[PDB]
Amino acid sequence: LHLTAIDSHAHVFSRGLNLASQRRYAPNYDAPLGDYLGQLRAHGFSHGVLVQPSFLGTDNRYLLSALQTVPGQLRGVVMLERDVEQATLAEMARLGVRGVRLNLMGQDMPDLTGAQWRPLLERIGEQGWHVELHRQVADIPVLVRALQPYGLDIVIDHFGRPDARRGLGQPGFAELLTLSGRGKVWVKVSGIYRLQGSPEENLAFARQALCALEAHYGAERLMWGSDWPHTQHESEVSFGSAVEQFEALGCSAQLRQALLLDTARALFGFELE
C-alpha cells in the first residue's frame, strides 16, 4: 500500500513450475512471489519491479501472473520475441509491465541499429516502454548509441557490469561517464557482487562508480536494485546482505531517497503518494 520505497530489478519463479514445465539451465530453488514480497517488507521496500528471468526467455506467464496477484505493488519488465504486435504490448502495460529487457550477457552481440530488431524497437517506443541492457561495460556504449536514435529510455544494469578490479577509466566505463545521453539514459546500481571482484573490492569500486555516475547522469537517473534472489550467488548473497551493501555505499539522505524511491517511482510510474 503505502509507497515507502521501491526495489527495481528482481526475479520470481516457482520450483514446481521449473520442474513441471521442465527447465535445466539455472533452475533449482524456488523464488515464489510470497518470498520476495516477504523479503521486501522485511527490509522496508514496499513496491518492486519483477524482471523476466533469463532462463524463461519469452515466456512471461509467471511474471504476468504475479503482477495481477499484487496489483499496483509491482511493475516488472519482460522479454519479447523478435516480432510482436502492439496488441500484446498494450495488454501487458495494462498489467503493469513498463519495459523490455534484451538481456545479452553471455549471448551473441545483437545489431540493434540493424533491421532485424527495428520492428520490435518501434513497437516498444510507441508504448513508451524503456529498454533494459545487461552486458559488459565494454559493449554498453555501443548498444546505447544504437538505441539512441529510437528516442527511448535506456536502463543499464548493474553499474554497466564493469570490472571492479580495473578502475573508472575501464574500456567501457570511461565512455559511460562521458556518454551523450539526453537524460534518456538510466543506470541501475545493483548486484555489486557481480563486479568480478572480492566483496571488498567491488564495494570500493561501487562507491567510486556511484559518485562518478551520479556526477554525469544525476540522482534522478540512478536507482537501486536488490537483484533477488541473486542468481549464481545465492550462497553468498541475500536481500539483507544486499541492503547492507547499499547502506555501506554511504549515500547521503538525498541520494538514498532517489535510489530507493524517487527515480524508480518516475521511470516505472508509481504515482501513488
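Throughout, we count residues from 1 along the sequence that is shown.
For this session: May I ask you to compare 111-119 and 136-144 by their mean CA B factor in the entry and name the higher one?
Result: The deposited B-factors put 111-119 ahead on the C-alpha mean.
- [ ] Pick between 100-108 and 173-181: the one whose mean CA B-factor in the entry is higher.
- [x] Taking the mean B-factor of the alpha carbons in each, 173-181 is higher.
- Which of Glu234, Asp30, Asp59, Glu244 ranks first by CA B-factor in the deposited coordinates: So the option with the highest C-alpha B-factor is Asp30.
> Of the options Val77, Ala164, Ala87, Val131, which has the highest CA B factor as deposited?
Replying inline: That would be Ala164.
Among all modelled residues of this chain, ranked by Cα B factor, put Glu126 in the bottom, middle or top third, i.e. lowest, middle or highest. Middle third, going by the recorded CA B-factors of the chain.
**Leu261 - Cα temperature factor, lowest/middle/highest third of chain** = As the PDB entry reports it, the C-alpha B-factor of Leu261 lands in the lowest third of its chain.
>> How does the C-alpha B factor of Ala20 compare with the rest of the chain: lowest, middle or highest third?
In response: Highest third, going by the recorded CA B-factors of the chain.
Exercise. Using the B-factors in the PDB entry, rank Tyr217's C-alpha atom against the chain and give the third, lowest, middle or highest.
Key: Highest third.
For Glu91, does the deposited CA B-factor place it in the lowest, middle or highest third of the chain?
Middle third, going by the recorded CA B-factors of the chain.
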